[PDB]
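All remarks here apply to the structure that follows.
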Amino acid sequence: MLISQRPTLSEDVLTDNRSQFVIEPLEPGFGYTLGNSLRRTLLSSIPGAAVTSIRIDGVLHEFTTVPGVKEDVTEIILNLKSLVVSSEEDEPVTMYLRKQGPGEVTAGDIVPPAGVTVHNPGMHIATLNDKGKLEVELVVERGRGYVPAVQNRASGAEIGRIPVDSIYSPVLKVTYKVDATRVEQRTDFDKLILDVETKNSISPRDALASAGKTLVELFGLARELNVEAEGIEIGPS
Amino acid sequence: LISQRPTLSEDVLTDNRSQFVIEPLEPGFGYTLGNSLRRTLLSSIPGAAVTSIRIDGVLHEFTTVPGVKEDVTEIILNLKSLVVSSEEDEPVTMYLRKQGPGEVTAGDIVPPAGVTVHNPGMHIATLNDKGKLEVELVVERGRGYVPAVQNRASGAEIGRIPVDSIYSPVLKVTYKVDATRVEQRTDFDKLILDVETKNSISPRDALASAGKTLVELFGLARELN
Amino acid sequence: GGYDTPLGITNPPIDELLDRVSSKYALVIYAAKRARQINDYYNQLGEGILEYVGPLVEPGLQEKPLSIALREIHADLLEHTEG
Amino acid sequence: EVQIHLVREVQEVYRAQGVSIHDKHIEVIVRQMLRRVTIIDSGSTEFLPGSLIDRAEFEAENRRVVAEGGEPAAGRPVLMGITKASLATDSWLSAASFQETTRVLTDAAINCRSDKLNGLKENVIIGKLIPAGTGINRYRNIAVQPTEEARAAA
Amino acid sequence: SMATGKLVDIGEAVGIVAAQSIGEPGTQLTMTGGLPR
Amino acid sequence: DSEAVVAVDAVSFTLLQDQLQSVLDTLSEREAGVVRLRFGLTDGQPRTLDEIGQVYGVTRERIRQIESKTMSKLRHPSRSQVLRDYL
Amino acid sequence: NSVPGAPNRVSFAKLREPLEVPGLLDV
Amino acid sequence: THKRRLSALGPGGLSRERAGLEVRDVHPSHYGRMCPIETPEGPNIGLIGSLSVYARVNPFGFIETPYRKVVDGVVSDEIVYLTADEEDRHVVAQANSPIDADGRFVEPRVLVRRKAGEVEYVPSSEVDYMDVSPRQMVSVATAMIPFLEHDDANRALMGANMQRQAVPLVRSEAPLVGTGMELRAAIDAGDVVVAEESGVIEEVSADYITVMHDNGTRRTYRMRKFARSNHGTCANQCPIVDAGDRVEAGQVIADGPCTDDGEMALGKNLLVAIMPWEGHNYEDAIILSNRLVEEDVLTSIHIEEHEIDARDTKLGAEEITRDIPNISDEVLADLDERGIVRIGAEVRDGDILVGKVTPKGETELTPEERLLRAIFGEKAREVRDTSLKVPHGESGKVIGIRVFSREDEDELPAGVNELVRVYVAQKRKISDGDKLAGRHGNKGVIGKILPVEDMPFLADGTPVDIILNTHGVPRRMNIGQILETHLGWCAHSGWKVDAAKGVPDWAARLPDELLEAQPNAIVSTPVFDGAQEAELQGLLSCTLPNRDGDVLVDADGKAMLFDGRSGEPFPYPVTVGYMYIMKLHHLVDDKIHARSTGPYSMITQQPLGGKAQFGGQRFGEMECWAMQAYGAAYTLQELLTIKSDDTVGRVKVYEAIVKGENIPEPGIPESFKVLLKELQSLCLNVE
Amino acid sequence: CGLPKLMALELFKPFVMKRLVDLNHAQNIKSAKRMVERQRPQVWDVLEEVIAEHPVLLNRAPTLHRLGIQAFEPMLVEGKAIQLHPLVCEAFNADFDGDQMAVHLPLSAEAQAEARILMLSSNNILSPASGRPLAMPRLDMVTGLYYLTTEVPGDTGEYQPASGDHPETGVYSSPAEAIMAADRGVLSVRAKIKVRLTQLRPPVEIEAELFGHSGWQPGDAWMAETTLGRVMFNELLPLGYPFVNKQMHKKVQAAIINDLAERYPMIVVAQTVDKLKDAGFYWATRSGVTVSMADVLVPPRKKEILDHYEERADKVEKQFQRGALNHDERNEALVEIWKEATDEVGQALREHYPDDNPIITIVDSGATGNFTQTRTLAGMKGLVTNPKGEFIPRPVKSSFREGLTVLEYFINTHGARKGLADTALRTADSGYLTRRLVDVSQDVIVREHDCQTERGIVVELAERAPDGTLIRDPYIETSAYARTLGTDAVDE
Ligand SMILES: [Mg+2]
């Protein structure tokens, strides 16, 4: 069919990584039809990397204590989890974080092996009391979406290694809503309004594009059943 | 990361319905994808339904035909149950003459070449001896429900009777996911979808049209950015 | 301060408007007389100029006069003296 | 004590039904009840004994009468109900719309009582703008002209 | 003034407001011990 | 009251008068003066042919000639598309 | 029952009321 | 129910105000005589009652009542019509008393109604009169409320008053659950053509039925097809038999407006949830599936009667014809050659239903008008134009015209020549604003008509039709709606009590032929003798599946609704069920109204009054108080001067708006000037 | 305000006539009038531009108090119903049982100014009677936020700190990760967790502790153990506002909105109220407050309680039969026994319902309905009034879930109809009182910024306690609050 009007994606750009997309107008009502799907696709369909298992010498059994530092183990852990780091190896790569003497360890202090690339080198991770030794090993594999603390597949994977959560999604928060643009001459067409806020690994402009490509591939499965099936053709780009 | 993209196999149950199993998917994504397809299928699948009829002995919708058991508005509601699928966009017109005592099924509708009724056994009206029913039906491609296009807004004569339209091959749709989500995080959904068209076009035919509409709309935000 | 943006009828924020008039009533008559002046301005463009000045801020495409008056009041482009 | 009694005794009811009414509203009402005084002794100053008059106007009459020879009229407070207080207003134009329009209007005629149109019920009736809200001259006669600095620009 | 939160302005017909506020919740006055009181 | 002002008719009548003045003054001076003095559009009284002649010093025939010429002139779709919706 | 063109509406009533409802327009 | 009405007010009777609070009460002698539930909830409570189901008027004008005289604890059948007095002398039992299958009671002690209405336990030796049956204390309407004894009297009253306001739908489905009264009080309504003498159908149509009696003589029942009711509702009667069938005497043979197969049917059976969905069903509102609008499940016909006459005036004679003053041909296209419209022509607000012209005489023209007439060369046409234009906000086909004529010798009032009435009809869909309401008082204007896809659907994709709110259920004490909902789901899906090992305990005293019940099978729980709660649970636990292996409603009576809009499921199971809801006659189109300048009163110069004309809403004293309390002075002056009374103010303001100038300052109101002249007329010098 | 376009097109008809004669859609005024009469298509697009920024009023007879009239911004809507915003129904006293509103229209420039500044809705939050807020959330949204902010211990993914065999597994690196988790099936919205917030000003104590001066929130850091639900809630409130971390009961929400309205500008109070409304509905739906008759749980030991008190009242009646106590004595004795029985039944009932029972969730949250109504649903109706006013000594003994008997319902009807009739008479007399009051005090208007007197009454203000303390007087909020001191409060 003829779409009878053409939707548009007029991006607006808030603070650097919190762009706000809109779409309008839409047949009543496809707003919800694609909004929730696009939300899930953003939050849980874009490839990305994260830390998975960190290990801290000196912390063998008591998971809340660290010599020479201020923050206990849990503060170091939820510091590490917010470490935007992209990787291009489809396999778990280890990393090493060392810094002796008193001071303030930062993201730049981790010495990344080949392939990985931190995207926030100036990040406050912890502080060292007095000549402290902080020996850390990170494991940054890559996946999709969000995967909770993967418990040991074996009985004991490693006494030193301690698992964490893994925020694979380059998007961090997405929210939407719909409206009622031109209910009379446009006859109640809806207006989707996204709010993607991605970590500075990749911009929302590209995150939305990758999500769109994944969704169009996914519905390609449906469309490749009767190619000669009359659908609602939107018209020329 | 789960490196095997999804696949849409099919399970037939009858002619007018069938199950689609789509797997694997990302966790917590099966329900959303299912509702997406459902909202599409159930609201934007173009079909064909009668738009307006005109019976000889009647000037409007609020009277009765001499001989017919039902009255005109009853006939209207019964005709608003038909399932007929056109092929071109021009408003075709099917005919229905009938004389003498007898039941009047939709099978008695001689379609012009290009359309086809998919349930001739439908009841329409029961006549008596003196009954003469002679009605013209108009058929038209469309998508989704649309109310009675008024007469004065049109140029029709006094004889026409507008009728509501239900342009919808689909009849009922549901789904359910089977997320394994074992304690290894190798998790996936399995969107077992369920479709039941109203016999006008097969379920895979309808699902194709829905998927095509989606592949268009999501294409809007794909690379236009 | 940065709290959120109004929309439609509520812009400018009355809690910034009332920062300038003594009470709200004076704000109402203030906006009303300024709006009537602006309307006289638009109407008297038919004949020659007169001392009726205004608007001052660049008005919207099809924007009522009262909204222009309130936005000007918010911008400190007017003065009033109570009776 | 009578004020403190009326306020508290109404608040007793409105609390018992579980309701909030700030006391100042009831106070504004009661302050109308306690406006007038009775005239037990006219002295020799233009006052009918057993009659009712305003406390402020009573004070004014005595302020005048302490000069030109003293006969201070013996006044007493009266707590008169809301209805009788309303009916004995100053504006016959208002006082006629409350109760027994005919009776109030006829003796307003016999007094030849000029009204001044200061209330609200009068201005609302004769279309004149009400003396309240934005009707008072402090707000009703504002002047409004563009500040000189903006006039210079445009 | 109970409505604004600031000092009452200089035209508020507080008499009428008081009358209204007293006679409004009266309909909820379920009950001498009630509305006739 | 079936004998009251429809209240859109009054403003419509004012607009009628205004556009009518416009269209009449789209013509020469004598033409407008003849039309107005003929149809009382300025003093409310139809001034007859001879009176229009004496206020112009010409014959009744001159007056009727001028008015008939103006009458044929006014009857154009050009001069009439603006007016015709006022009836 | 007792009305011939009745649709068979099953009923939960435990009681057997002796009298039938009167001629509702008798009044 | 208008018949069978007792109204204590009237000539001779006591009036409204003069009637104190005493008579409004329910003295305990009203039992069995005047239903304590049904009554107008307005300012006439108590002053209008309806009779009990079984009551009967004493030849002197008293309200007798039946009882079963009992002797020795032996319940007889000698039905006695005890009056209002002699009931006191006796001691009156209860119908739901455990009779020992022979007239002997079972327990020794029995409830009884003593003289002044006090309740006691007497041993079974004093009891001499027992009730004929329960629901004796209840009127005709209230007997039709399922599960009445669970609802509070407030909401049951509201239900019995909203159950007389459903509008006869076009489809008229009977309800899954009811009482016994849906049939007897539907053939007694009169609006169901009843087979007079038992015979055989010979020929039918949608207009008449010709029953061949057993002996010779026949009969043809003329259906009423689309007769306007007294409130604008259709009154179709389609016949419900076939050409070979055999009807017994006293049988239903033609449905009425709200009858389905003879019995009452005041609405539809709509799948309903009880969750608060997205705030739209906020505080008694309702959200709807769009399926109701598509499939016309709620759709009333309406038939309005327009009427004009041609009078004999002094100046001449009014005349009905296409001849009209200045007017297009398009707006006179639908009329026939002689005025009146063509049967079938759709109309809209502002059409010419009857072209009717009257003479006007002469008026000194406006010279500008004369110039325009000259320039266009049009005549005067001294006939004034008063045609019958359809009023505001009405449309739909023109069913039929009924035309009268003095010439055709039909009698009319004097000074009249031709009285023409133009029956118009329109098929109102349901629509937000309309007032749906259950049978339990639970009412509420339609809040939003959701599309069908974004409606919380079951596991089978079956959407839900409406979505009531929960917060309206508890604090109104009308759990009759919930019990009806569960029993309706049971009546829908059909149950099969597994009598594998004897009969289950809850169904020990269920009637037989309720162990299994087919799908879509109607039931009926009469009012004070119906399904107990235990019976409901017992049914609901076995509620045989639909098409797959699917018991959609768990034993508690709820389900896992899938959200239609978002997509996820709801985290907690929601109640579903089939709740029978009517369509009250408070449609939006009968209420909406607007005015920007309309007619004006003659005597006072104010806008006219009421939706009949345009008119404008009252602006009483309380609103003046409110707009003063805000301190808004100018708006108050507006509303009292240049929208009501400033006679030269109105046209000035309309001019000011239309030209875009400033609204002028309002002049003195009109009512003040009139009041001033009245006072000066009373010899009161006002100056 | 919602507004039926078919009605707006008739209110604003002069305005639209002008605006579409200015545009060259119609040569004159007359054609535009007839065009509106026909409703040619572009008239709608003109109607939008004329309705922009032009406020309309909304009466609701009976106009009891000053908020009966309010002024909204009209925005077009399909249908023919004036869509009203749900937060103003408490002011209008307007449920949606069919009640009808009246749209007036302001015309003059001054009139529009009044309707825009004085009578707008978002500027009238607090009742003029007692300064409480009336945009405050209610029936649905109260339940919504209650369910959203409660804390369900033992729920999914809680803060379960136990090392030696695994890490804490309760902390979430921010509300962002928390929401990601909750979208997955890991965290429940209400499980007690330990987020690490950086966008919500912490409570007073933790603020003073970690930061001291003022942790200017903006970009800080700190960890507070709450639900995710409370985090999403405190994102509704403004930035500067402290964290809440409680269970958003209706009294708590009233207190929060009072704090806001008395310390922030009105344009922020309005937006926060609107946000609370949206979140309230959205979480109301996910609450699952439904009323199935399998959730009106009867107190399982109702029988024995009734039988005990029936023994008591039966011995009282037999004593009457002995003549030891007269008629009125036995009536009063039975009345007291059945009051005692109703109390015992209500006690048992309340102790029997779990704390997440819908019928009791609604009531405890303060959303609607007092416990008596739940007691009447399940349990006992207790005593029913006589038509005269006295209590019936019968008394009713069946909850509406059980269904009554004939006599029971007939006795209930007395109280019901007496209630309705008295409601009619009472609403008619309240108007009488109000009319008298507006008569008395119509001429009491503020006329001077200050009279500069020295007198003035003295208010109680939390009388001393015997043990020695300042117990706050109960009714201070109405006599003490919102006043101006005459003298100077001195200490020690
Ligand atoms: Mg209501």
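The chains in the structure tokens are called A, B, ... from first to last as shown; in each chain the residues are counted from 1, and the ligands are counted from 1 in the order shown.
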
Nearby residues, ligand 1, 9 Å, only C-alpha atoms and all ligand atoms, as an NGL selection string: (:H and (444)) or (:I and (93-100))

Could you save those same residues with N, CA, C and O atoms as an mmCIF file, in the first residue's frame?
data_model
loop_
_atom_site.group_PDB
_atom_site.id
_atom_site.type_symbol
_atom_site.label_atom_id
_atom_site.label_comp_id
_atom_site.auth_asym_id
_atom_site.auth_seq_id
_atom_site.Cartn_x
_atom_site.Cartn_y
_atom_site.Cartn_z
ATOM 1 N N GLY H 444 -20.072 4.406 34.382
ATOM 2 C CA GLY H 444 -18.943 5.243 34.061
ATOM 3 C C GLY H 444 -18.802 5.516 32.588
ATOM 4 O O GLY H 444 -18.835 4.603 31.767
ATOM 5 N N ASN I 93 -14.175 18.005 42.571
ATOM 6 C CA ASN I 93 -15.039 17.014 43.192
ATOM 7 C C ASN I 93 -15.758 16.217 42.115
ATOM 8 O O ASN I 93 -16.939 15.894 42.228
ATOM 9 N N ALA I 94 -15.034 15.905 41.050
ATOM 10 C CA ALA I 94 -15.628 15.404 39.819
ATOM 11 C C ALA I 94 -15.105 14.007 39.542
ATOM 12 O O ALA I 94 -13.984 13.848 39.061
ATOM 13 N N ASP I 95 -15.902 12.991 39.853
ATOM 14 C CA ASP I 95 -15.616 11.690 39.286
ATOM 15 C C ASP I 95 -16.140 11.649 37.856
ATOM 16 O O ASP I 95 -16.710 12.615 37.352
ATOM 17 N N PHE I 96 -15.951 10.512 37.200
ATOM 18 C CA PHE I 96 -16.366 10.343 35.816
ATOM 19 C C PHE I 96 -17.558 9.418 35.680
ATOM 20 O O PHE I 96 -17.641 8.647 34.725
ATOM 21 N N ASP I 97 -18.499 9.498 36.611
ATOM 22 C CA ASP I 97 -19.709 8.695 36.566
ATOM 23 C C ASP I 97 -20.733 9.280 35.608
ATOM 24 O O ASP I 97 -21.905 8.903 35.643
ATOM 25 N N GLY I 98 -20.310 10.198 34.753
ATOM 26 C CA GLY I 98 -21.211 10.913 33.873
ATOM 27 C C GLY I 98 -21.280 12.400 34.131
ATOM 28 O O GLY I 98 -22.071 13.086 33.471
ATOM 29 N N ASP I 99 -20.493 12.935 35.057
ATOM 30 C CA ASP I 99 -20.578 14.346 35.384
ATOM 31 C C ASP I 99 -20.131 15.183 34.203
ATOM 32 O O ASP I 99 -19.299 14.755 33.405
ATOM 33 N N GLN I 100 -20.684 16.386 34.101
ATOM 34 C CA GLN I 100 -20.537 17.249 32.941
ATOM 35 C C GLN I 100 -19.949 18.592 33.333
ATOM 36 O O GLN I 100 -20.308 19.173 34.356
#

Using only C-alpha atoms, find which residues of chain D lie within 10 Å of chain I and jot them down as a compact mmCIF listing (two decimals) with N, CA and C atoms, in the first residue's frame.
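Okay, this is what ended up in selection13.txt:
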# COMPACT_ATOMS: atom_id res chain seq x y z
N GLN D 3 -14.76 35.55 71.01
CA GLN D 3 -14.06 35.20 69.78
C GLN D 3 -13.38 33.85 69.92
N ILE D 4 -12.65 33.67 71.02
CA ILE D 4 -11.88 32.46 71.22
C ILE D 4 -12.83 31.28 71.36
N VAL D 7 -14.40 30.55 67.48
CA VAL D 7 -13.42 29.89 66.62
C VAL D 7 -13.24 28.44 67.04
N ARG D 8 -13.01 28.24 68.34
CA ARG D 8 -12.74 26.90 68.83
C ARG D 8 -13.96 26.00 68.68
N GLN D 11 -14.27 24.96 65.07
CA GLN D 11 -13.19 24.03 64.77
C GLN D 11 -13.41 22.67 65.40
N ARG D 15 -13.16 19.52 62.98
CA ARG D 15 -12.16 18.49 63.24
C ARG D 15 -12.84 17.15 63.40
N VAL D 19 -11.56 17.33 59.07
CA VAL D 19 -11.47 18.33 58.02
C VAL D 19 -10.50 19.40 58.46
N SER D 20 -9.76 19.96 57.51
CA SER D 20 -8.84 21.04 57.81
C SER D 20 -9.40 22.36 57.30
N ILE D 21 -9.56 23.31 58.21
CA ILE D 21 -9.90 24.68 57.85
C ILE D 21 -9.06 25.59 58.71
N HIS D 22 -8.08 26.25 58.11
CA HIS D 22 -7.24 27.18 58.85
C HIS D 22 -8.10 28.21 59.55
N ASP D 23 -7.72 28.55 60.78
CA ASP D 23 -8.62 29.32 61.63
C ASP D 23 -8.87 30.71 61.10
N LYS D 24 -7.95 31.25 60.28
CA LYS D 24 -8.09 32.64 59.89
C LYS D 24 -9.35 32.87 59.08
N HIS D 25 -9.84 31.85 58.39
CA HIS D 25 -11.11 32.00 57.68
C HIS D 25 -12.26 32.22 58.66
N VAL D 28 -12.02 35.67 60.08
CA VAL D 28 -12.52 36.72 59.20
C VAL D 28 -14.03 36.77 59.24
N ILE D 29 -14.67 35.62 59.41
CA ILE D 29 -16.12 35.64 59.56
C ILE D 29 -16.51 36.33 60.87
N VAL D 30 -15.96 35.84 61.99
CA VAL D 30 -16.39 36.29 63.31
C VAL D 30 -16.16 37.78 63.48
N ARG D 31 -15.10 38.29 62.86
CA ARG D 31 -14.78 39.70 62.91
C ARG D 31 -15.91 40.54 62.33
N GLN D 32 -16.76 39.93 61.50
CA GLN D 32 -17.96 40.63 61.06
C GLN D 32 -19.04 40.58 62.12
N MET D 33 -19.15 39.46 62.84
CA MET D 33 -20.13 39.37 63.91
C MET D 33 -19.92 40.46 64.95
N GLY D 81 -25.87 37.80 65.24
CA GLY D 81 -25.70 36.71 64.30
C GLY D 81 -25.37 37.17 62.90
N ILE D 82 -24.99 36.22 62.04
CA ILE D 82 -24.54 36.57 60.70
C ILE D 82 -25.66 37.22 59.90
N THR D 83 -26.88 36.72 60.04
CA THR D 83 -27.97 37.19 59.19
C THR D 83 -28.31 38.64 59.50
N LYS D 84 -28.52 38.95 60.78
CA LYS D 84 -28.84 40.32 61.14
C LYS D 84 -27.70 41.26 60.82
N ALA D 85 -26.46 40.78 60.90
CA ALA D 85 -25.33 41.62 60.55
C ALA D 85 -25.34 41.94 59.06
N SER D 86 -25.57 40.93 58.23
CA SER D 86 -25.61 41.13 56.79
C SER D 86 -26.70 42.11 56.44
N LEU D 87 -27.90 41.91 57.00
CA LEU D 87 -29.03 42.76 56.64
C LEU D 87 -28.78 44.21 57.01
N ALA D 88 -28.04 44.45 58.09
CA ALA D 88 -27.75 45.82 58.49
C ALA D 88 -26.41 46.29 57.93
N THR D 89 -26.22 46.15 56.63
CA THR D 89 -25.04 46.70 55.99
C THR D 89 -25.22 48.19 55.76
N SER D 94 -26.95 46.41 48.17
CA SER D 94 -26.61 45.06 48.57
C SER D 94 -27.61 44.52 49.57
N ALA D 95 -27.92 45.31 50.60
CA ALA D 95 -28.78 44.85 51.69
C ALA D 95 -30.17 44.47 51.22
N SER D 97 -30.76 42.61 48.55
CA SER D 97 -30.75 41.31 47.89
C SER D 97 -30.64 40.16 48.87
N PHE D 98 -30.63 40.42 50.17
CA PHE D 98 -30.36 39.36 51.12
C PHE D 98 -31.64 38.70 51.63
N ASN D 118 -19.25 50.72 47.15
CA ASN D 118 -17.92 50.27 47.51
C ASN D 118 -17.81 48.76 47.63
N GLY D 119 -18.92 48.06 47.83
CA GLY D 119 -18.88 46.62 47.99
C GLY D 119 -18.62 45.93 46.67
N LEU D 120 -18.91 44.63 46.66
CA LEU D 120 -18.78 43.83 45.45
C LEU D 120 -20.12 43.52 44.82
N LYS D 121 -21.12 43.20 45.64
CA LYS D 121 -22.45 42.86 45.16
C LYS D 121 -23.10 43.98 44.38
N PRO D 131 -14.45 46.19 43.05
CA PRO D 131 -13.30 46.69 43.82
C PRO D 131 -12.58 45.57 44.57
N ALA D 132 -11.88 44.74 43.82
CA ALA D 132 -11.13 43.63 44.38
C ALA D 132 -10.36 42.97 43.25
N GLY D 133 -9.48 42.06 43.61
CA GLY D 133 -8.69 41.39 42.60
C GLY D 133 -7.88 42.35 41.77
N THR D 134 -8.29 42.57 40.53
CA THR D 134 -7.69 43.59 39.68
C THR D 134 -8.65 44.73 39.42
N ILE D 136 -9.15 47.28 41.91
CA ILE D 136 -8.70 48.43 42.67
C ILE D 136 -7.75 49.29 41.85

Write out as a ChimeraX atom specification which residues come within 7 Å of region 6-9 of chain G when counting only C-alpha atoms, dropping same-chain ones fewer than 6 positions away. /H:522-524

Can I get the selected residues back with N, CA and C atoms, as a PDB file, in the first residue's frame?
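As written to disk, out_28.pdb reads:
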ATOM      1  N   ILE H 522     -26.161 -20.519  28.816  1.00  0.00           N
ATOM      2  CA  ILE H 522     -26.686 -19.569  29.779  1.00  0.00           C
ATOM      3  C   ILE H 522     -26.975 -20.302  31.072  1.00  0.00           C
ATOM      4  N   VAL H 523     -26.950 -19.571  32.178  1.00  0.00           N
ATOM      5  CA  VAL H 523     -27.387 -20.064  33.465  1.00  0.00           C
ATOM      6  C   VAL H 523     -28.302 -19.022  34.079  1.00  0.00           C
ATOM      7  N   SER H 524     -28.682 -19.249  35.327  1.00  0.00           N
ATOM      8  CA  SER H 524     -29.433 -18.231  36.044  1.00  0.00           C
ATOM      9  C   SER H 524     -29.384 -18.510  37.533  1.00  0.00           C
TER      10      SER H 524
END

Would you list the contacts of residue 29 (chain B) as a short mmCIF file (atom, residue, chain, number, x, y, z; two decimals) with N, CA, C and O atoms, in the first residue's frame, taking every protein, DNA or RNA residue within 9 Å and counting only C-alpha atoms, but skipping same-chain residues closer than 5 positions in sequence?
data_model
loop_
_atom_site.label_atom_id
_atom_site.label_comp_id
_atom_site.auth_asym_id
_atom_site.auth_seq_id
_atom_site.Cartn_x
_atom_site.Cartn_y
_atom_site.Cartn_z
N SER A 37 10.33 -2.48 20.80
CA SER A 37 11.27 -3.33 20.09
C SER A 37 12.60 -2.63 19.92
O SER A 37 13.66 -3.23 20.12
N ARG A 40 14.50 -2.63 23.28
CA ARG A 40 15.20 -3.88 23.57
C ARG A 40 16.39 -4.06 22.65
O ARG A 40 17.43 -4.56 23.07
N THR A 41 16.25 -3.67 21.38
CA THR A 41 17.34 -3.87 20.45
C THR A 41 18.55 -3.04 20.85
O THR A 41 19.68 -3.53 20.84
N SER A 44 20.05 -4.51 24.28
CA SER A 44 20.51 -5.88 24.36
C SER A 44 20.80 -6.50 23.01
O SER A 44 20.66 -7.71 22.84
N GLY B 34 7.70 -10.63 19.65
CA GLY B 34 6.39 -11.20 19.42
C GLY B 34 5.31 -10.15 19.39
O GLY B 34 4.48 -10.13 18.48
N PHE B 188 18.88 -17.69 25.69
CA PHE B 188 18.21 -17.29 24.47
C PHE B 188 16.71 -17.46 24.64
O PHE B 188 16.25 -18.27 25.45
N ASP B 189 15.95 -16.69 23.88
CA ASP B 189 14.51 -16.86 23.80
C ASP B 189 14.18 -17.78 22.64
O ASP B 189 15.05 -18.19 21.87
N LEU B 191 10.80 -17.52 20.27
CA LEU B 191 9.50 -16.90 20.07
C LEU B 191 8.61 -17.83 19.26
O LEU B 191 8.56 -17.76 18.04
#

Show me, as a VMD selection string, the residues that have an atom within 8 Å of residue 86 (chain F) when counting only C-alpha atoms, minus same-chain residues fewer than 3 positions from it. (chain F and resid 12 16 83) or (chain I and resid 30)

Define the interface residues of chain E facing chain D as those within 8 Å, counting only C-alpha atoms, and report them as a VMD selection string. chain E and resid 10 to 15 17 to 19 21 to 22 25 28 to 31 33 to 34

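Residues of region 58-214 of chain I assigned to strand (DSSP E or B) by DSSP on this structure's backbone: residues 59, 71, 72, 77, 102, 120, 126, 133, 171, 172, 193, 194, 195, 196 and 197 of chain I.
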
What's the 7 Å shell around region 126-143 of chain B, counting only C-alpha atoms, without same-chain residues fewer than 5 positions away, as number ranges by chain? B: 44-56, 66-69, 86, 89-104, 167-168

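With only C-alpha atoms taken into account, chain A has residues 33, 37, 143, 209, 212, 213, 216, 219, 221, 222, 223, 225, 226, 229, 230, 231 and 232 of chain A at most 6 Å from chain B.
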
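CA of residue 1 (chain A) lies 18.9 Å from CA of residue 202 (chain B).
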
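Distance annotation: of D:127, D:154, D:149, D:42, the residue with the minimal separation from chain H is D:127; atom set is only C-alpha atoms.
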
Enumerate the residues of region 9-153 of chain D with a DSSP assignment of helix (DSSP H, G or I), computed from the backbone, and present them as a ChimeraX atom specification. /D:9-16,23-33,55-65,82-87,92-95,101-111,121-125,137-140,148-153

Kindly determine which residues of chain H lie within 8 Å of chain G, considering only C-alpha atoms, and give the answer as JSON, numbers by chain. {"H": [3, 4, 53, 54, 56, 57, 77, 79, 96, 132, 133, 180, 183, 184, 185, 188, 247, 248, 250, 251, 252, 261, 262, 509, 510, 511, 513, 514, 522, 523, 524, 525, 526, 529, 530, 531]}

Using only C-alpha atoms: which of C:16, C:4, C:63, C:58 has the shortest distance to chain D: C:58

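The space separating CA of residue 426 (chain H) from CA of residue 105 (chain B) comes to 28.6 Å.
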
Mind checking which residues fall within 12 Å of residue 154 (chain B), counting only C-alpha atoms, ignoring those fewer than 6 positions away in the same chain, and posting them as a PyMOL selection string? (chain B and resi 52+148+160-162) or (chain H and resi 346)
